[PDB]
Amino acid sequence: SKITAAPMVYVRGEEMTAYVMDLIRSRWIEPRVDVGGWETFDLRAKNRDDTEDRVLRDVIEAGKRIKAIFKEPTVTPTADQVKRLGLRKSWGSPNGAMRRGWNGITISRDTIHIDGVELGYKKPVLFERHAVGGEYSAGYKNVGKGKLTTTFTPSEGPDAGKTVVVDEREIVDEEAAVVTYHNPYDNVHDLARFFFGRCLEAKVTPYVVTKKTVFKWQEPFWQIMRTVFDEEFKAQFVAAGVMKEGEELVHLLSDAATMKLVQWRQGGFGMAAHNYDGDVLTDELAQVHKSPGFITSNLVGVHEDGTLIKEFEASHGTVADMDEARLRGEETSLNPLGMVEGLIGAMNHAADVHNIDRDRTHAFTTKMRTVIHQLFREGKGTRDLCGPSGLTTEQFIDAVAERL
């Protein structure tokens, strides 16, 4: 019989990545997997306009209920795209919505490796980007001279109801930005447990990355991680030989971590950072490794029922330049490994979170990975890694499908 796919949200995009995933679903998945349990959503920039971001609020609904999501790269309907695609209106990045709609704790940005192919990092690297707070949710104004005041009124504790001044300053410039933001730190307890759990499993030395020396408000991010590590993980890490006795959890300053990403070409490490630091450091990580596509973008949130909501996406966009090449009858060679790593993760999580056909699903997803890696070893991968004698997009799809 075919493998019974567990309930999973499948978010289709457009352009080259949608063309490639249609071939992957048709030729790799569907012959071997009953995907009846998949809930499919059309996130074409058009369909987000045409439905007024209904299809987005429906994806978020399906996500909270099913807890496993594969998302293809999508076109954010920015002002440039409204004109190009003849849309009616402009719409924001879906990330903030998904990060809050699924109680996000982290975006896992991990190095993708190919057995038999050497990339920038020799061994796996793990990165945890705090999924919430910071400047991504800042309120702000561009102003000239005047007085800026920030007050806080606690709702609890011995000073409930008492308004206190957080900051007051005189702006003395004719052109200035004034900015307020918050970092919610309650879920850093869960982030710590998730991160250290993953790092132990992977046998990588974990590091915590902040600017807490100057940005002193960041101290809790560090203190919560050290506390969870010392009480719940330091023993297991010494026992597994990842860390020696007496060795302590190391904090790295954000600016220093940019230097460690370049130095530490052996890999075998893990880092956890705030939202913005993680955005910037993970792109540096991508470039040292190979390119954006060679890092995951795996959102992990916490359901009210205590299980994890996990969304998986490739770290590249829809590759419109290649879709143009295709529609000019020029050969293409899209490496689908980034998106396949995402689909594997989604299918695996769906099987685990629902307890449906776990053994067969994990065996199939592992075989897909093993088959792809072996083609790359033989010089039968895509042209990004195998050079000009590498296979086209379609030749690669067929090469994998024959070997499943």
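Throughout, we count residues from 1 along the sequence that is shown.
Mean C-alpha B-factor comparison - 236 to 244 and 72 to 80, higher one: Mean C-alpha B-factor is greater for 236 to 244.
Between the two ranges 157 to 165 and 137 to 145, the one averaging a larger CA B factor in the entry: According to the entry, 157 to 165 carries the higher average C-alpha B-factor.
Among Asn47, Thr366, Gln374, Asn348 - the residue whose C-alpha B-factor is largest in the record: Spelled out: the listed residue with the top C-alpha B-factor is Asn47.
From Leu119, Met225, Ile112, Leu261, residue of greatest CA B-factor: Answer for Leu119, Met225, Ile112, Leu261: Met225, with the highest C-alpha B-factor.
Third of chain Cα B-factors occupied by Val11: It falls in the middle third of the chain.
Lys67 - which third its CA temperature factor falls in, relative to the rest of the chain: Lowest third.
Lowest, middle or highest third - CA B-factor, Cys386: CA B-factor rank for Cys386: highest third.
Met339 CA temperature factor, ranked by third within the chain: Bottom third by C-alpha B-factor.
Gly270 - Cα temperature factor, lowest/middle/highest third of chain: It belongs to the lowest third of the chain when residues are ordered by C-alpha B-factor.
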